[PDB]
Amino acid sequence: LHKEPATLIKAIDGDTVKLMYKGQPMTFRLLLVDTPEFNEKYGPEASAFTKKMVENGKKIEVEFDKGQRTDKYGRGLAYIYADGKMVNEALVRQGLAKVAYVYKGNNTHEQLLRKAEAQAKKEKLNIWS
Ligand SMILES: Cc1cn([C@H]2C[C@H](OP(=O)(O)O)[C@@H](COP(=O)(O)O)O2)c(=O)[nH]c1=O
Ligand SMILES: [Ca+2]
């Protein structure tokens with residue numbers, strides 16, 4: 001996989017973010033994770049964690065997997081990085097997202113994220129408390 005440039009347009013919630021990619025605005029949905037909705041428990045905390053990570057990043061990047069690049073709603077499907085740190089992994093490691101939506105052929109980082117989830121769960125963090 002390859003990281004590509006993007007700039008923040010605006011934070012949305014724990015697992016969606018609006019970015020400018022190849023000069024066009026797009027909503028991205030983070031691969032392999034599920035955060036609570038804003039109206040659910042840990043939803044506000046997941047939203048805040050993603051917002052801080054992407055707003056504080058000097059360099060945002062998009063990494064597509066090998067399969068579908070957009071979903072049925074027209075959202076981009078990617079791994080999102082801020083200053084080299086994966087947002088998708090970071091959410092899971094903090095117990096703010098579950099590993100989820102693992103479709104065959106867009107699952108390169110699955111085992112990395114399941115190892116972060118095991119660690120969050122062992123530490124009883126957030127969703128796992
Ligand atoms: C993360 C992900 C979600 N989706 C679709 C499945 C779900 O369909 P439904 O809307 O029919 O439930 C929806 C979950 O996204 P949200 O968790 O953002 O609601 O997005 C994909 O098709 N591919 C993906 O990789
Ligand atoms: Ca969600």
# chains A, B, ... in the order shown; residues from 1 in each chain; ligands from 1
>>> residues_near_ligand(ligand="ligand 2", cutoff="6 Å", atoms="only C-alpha atoms and all ligand atoms", output="short mmCIF file (atom, residue, chain, number, x, y, z; two decimals) with N, CA and C atoms, in the first residue's frame")
data_model
loop_
_atom_site.label_atom_id
_atom_site.label_comp_id
_atom_site.auth_asym_id
_atom_site.auth_seq_id
_atom_site.Cartn_x
_atom_site.Cartn_y
_atom_site.Cartn_z
N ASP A 34 -15.21 0.55 13.83
CA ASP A 34 -16.53 1.13 14.13
C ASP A 34 -16.43 1.90 15.44
N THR A 35 -16.62 3.22 15.36
CA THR A 35 -16.79 4.00 16.59
C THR A 35 -18.26 4.10 16.94
N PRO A 36 -18.57 4.36 18.22
CA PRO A 36 -19.97 4.68 18.60
C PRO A 36 -20.41 5.93 17.91
N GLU A 37 -21.71 5.99 17.62
CA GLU A 37 -22.28 7.22 17.10
C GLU A 37 -22.25 8.26 18.19
#
>>> select_by_dssp(residues="range 28-70 of chain A", states="alpha helix (DSSP H)", output="ChimeraX atom specification")
/A:43-56
>>> write_last_selection(atoms="N, CA, C and O atoms", output="short mmCIF file (atom, residue, chain, number, x, y, z; two decimals), in the first residue's frame")
data_model
loop_
_atom_site.label_atom_id
_atom_site.label_comp_id
_atom_site.auth_asym_id
_atom_site.auth_seq_id
_atom_site.Cartn_x
_atom_site.Cartn_y
_atom_site.Cartn_z
N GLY A 43 -19.23 7.82 22.17
CA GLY A 43 -19.32 8.49 20.88
C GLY A 43 -18.66 9.85 20.93
O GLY A 43 -17.88 10.17 20.06
N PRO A 44 -18.99 10.70 21.92
CA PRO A 44 -18.36 12.02 21.97
C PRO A 44 -16.84 11.90 22.16
O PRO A 44 -16.07 12.68 21.58
N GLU A 45 -16.42 10.91 22.95
CA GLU A 45 -15.00 10.73 23.21
C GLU A 45 -14.28 10.25 21.94
O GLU A 45 -13.19 10.74 21.62
N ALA A 46 -14.90 9.34 21.18
CA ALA A 46 -14.30 8.92 19.91
C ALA A 46 -14.23 10.09 18.91
O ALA A 46 -13.16 10.31 18.26
N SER A 47 -15.31 10.88 18.84
CA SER A 47 -15.28 12.05 17.96
C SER A 47 -14.15 13.02 18.35
O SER A 47 -13.45 13.56 17.46
N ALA A 48 -14.01 13.30 19.62
CA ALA A 48 -13.00 14.21 20.08
C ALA A 48 -11.58 13.70 19.82
O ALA A 48 -10.65 14.48 19.46
N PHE A 49 -11.41 12.38 19.98
CA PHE A 49 -10.09 11.80 19.76
C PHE A 49 -9.67 11.90 18.28
O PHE A 49 -8.57 12.39 17.95
N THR A 50 -10.56 11.56 17.37
CA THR A 50 -10.25 11.71 15.94
C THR A 50 -10.06 13.18 15.54
O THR A 50 -9.11 13.49 14.80
N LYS A 51 -10.87 14.07 16.10
CA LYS A 51 -10.78 15.50 15.74
C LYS A 51 -9.42 16.02 16.17
O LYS A 51 -8.74 16.75 15.38
N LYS A 52 -9.01 15.72 17.40
CA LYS A 52 -7.69 16.21 17.85
C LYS A 52 -6.56 15.64 17.01
O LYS A 52 -5.60 16.35 16.65
N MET A 53 -6.63 14.35 16.72
CA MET A 53 -5.58 13.75 15.95
C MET A 53 -5.43 14.39 14.57
O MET A 53 -4.32 14.66 14.11
N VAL A 54 -6.54 14.62 13.88
CA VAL A 54 -6.45 15.16 12.51
C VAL A 54 -6.21 16.68 12.46
O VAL A 54 -5.59 17.16 11.50
N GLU A 55 -6.70 17.42 13.46
CA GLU A 55 -6.53 18.88 13.50
C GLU A 55 -5.11 19.22 13.90
O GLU A 55 -4.61 20.24 13.46
N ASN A 56 -4.49 18.38 14.73
CA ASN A 56 -3.12 18.65 15.22
C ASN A 56 -2.04 18.12 14.26
O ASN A 56 -0.86 18.45 14.40
#
>>> residues_near_ligand(ligand="ligand 1", cutoff="7 Å", atoms="only C-alpha atoms and all ligand atoms", output="NGL selection string")
:A and (15 or 29-34 or 71-72 or 77 or 101-103)
>>> closest_residue(among="A:68, A:14, A:74, A:85", to="residue 40 in chain A", atoms="only C-alpha atoms")
A:14
>>> closest_residue(among="A:18, A:124, A:2, A:10", to="residue 95 in chain A", atoms="only C-alpha atoms")
A:124
